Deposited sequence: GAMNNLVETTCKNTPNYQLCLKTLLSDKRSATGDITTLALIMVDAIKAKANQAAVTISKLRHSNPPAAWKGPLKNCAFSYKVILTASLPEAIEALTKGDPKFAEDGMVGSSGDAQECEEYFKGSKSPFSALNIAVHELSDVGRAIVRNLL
């Protein structure tokens, strides 16, 4: 069957969706809820990276220009990792997906917000978080 492929066609970024979903072994048999859960985990993986990258920059005594943005971004990612993505996982697993859409709207916006505080030194990760969040938002809407 071609559920991964058609699911991905119904997103803003077919190729990103497709390679992301196929990287997780749950995609061989997973239904759309499972596919959404895979996408949430891929956002988390990038957000986990972003959060440590920020902490590393802060640990090094960063340039004065970067202190406020880094502190603000650190909060953005704390919210994503502690509130937003956990909300989405919970909603998907309990079968109330509309709340998972809410988490991805938030993570998409907060990654962009962080980037805007500065091109930041970790732009590729903010972009990845935004892009994957928008893919996941679209996957979840199939479930509504």
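Novice: Pop the missing stretches of the deposited sequence into a list, counting residues from 1 and keeping sequence order.
Specialist: Unmodelled stretches: 1-3, 122-124.
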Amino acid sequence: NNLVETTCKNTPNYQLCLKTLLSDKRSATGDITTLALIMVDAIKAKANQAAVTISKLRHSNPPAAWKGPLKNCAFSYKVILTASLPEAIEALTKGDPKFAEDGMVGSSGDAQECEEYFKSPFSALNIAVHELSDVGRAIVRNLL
From here on, numbers count along this sequence of modelled residues.
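Rigid core: the largest C-alpha set superposing within 1.5 Å between the two forms.
Novice: Find the stretch among 52-60 and 91-99 with the larger RMS C-alpha deviation in 7 other deposited structures of this protein, all structures being superposed on the shown form by the rigid core.
Specialist: Clearly, after the core fit, the stretch farther away in 7 other deposited structures of this protein is 91-99.
Novice: Could you say which moves further from this form in 7 other deposited structures of this protein, stretch 119-127 or stretch 18-26, by root mean square CA distance after aligning on the core?
Specialist: Higher average C-alpha offset in 7 other deposited structures of this protein goes to 119-127.
Novice: According to the deposited model, is the average Cα temperature factor higher in 119-127 or in 17-25?
Specialist: Going by the record's values, the stretch with the higher mean is 119-127.
Novice: Between 57-65 and 101-109, point out the one with the higher average CA B-factor as the PDB entry records it.
Specialist: The stretch with the larger average C-alpha B-factor is 57-65.
Novice: By its CA B factor, does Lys78 count among the lowest, middle or highest third of the modelled residues in the chain?
Specialist: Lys78: CA B-factor falls in the lowest third of its chain.
Novice: C-alpha B factor of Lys44, ranked within the chain: lowest, middle or highest third?
Specialist: As the PDB entry reports it, the C-alpha B-factor of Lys44 lands in the lowest third of its chain.
Novice: Which third of the chain holds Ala138 when residues are ordered by C-alpha B factor: lowest, middle or highest?
Specialist: Middle third by C-alpha B-factor.
Novice: Split the chain's modelled residues into thirds by Cα B-factor; is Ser84 in the lowest, middle or highest one?
Specialist: CA B-factor rank for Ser84: middle third.
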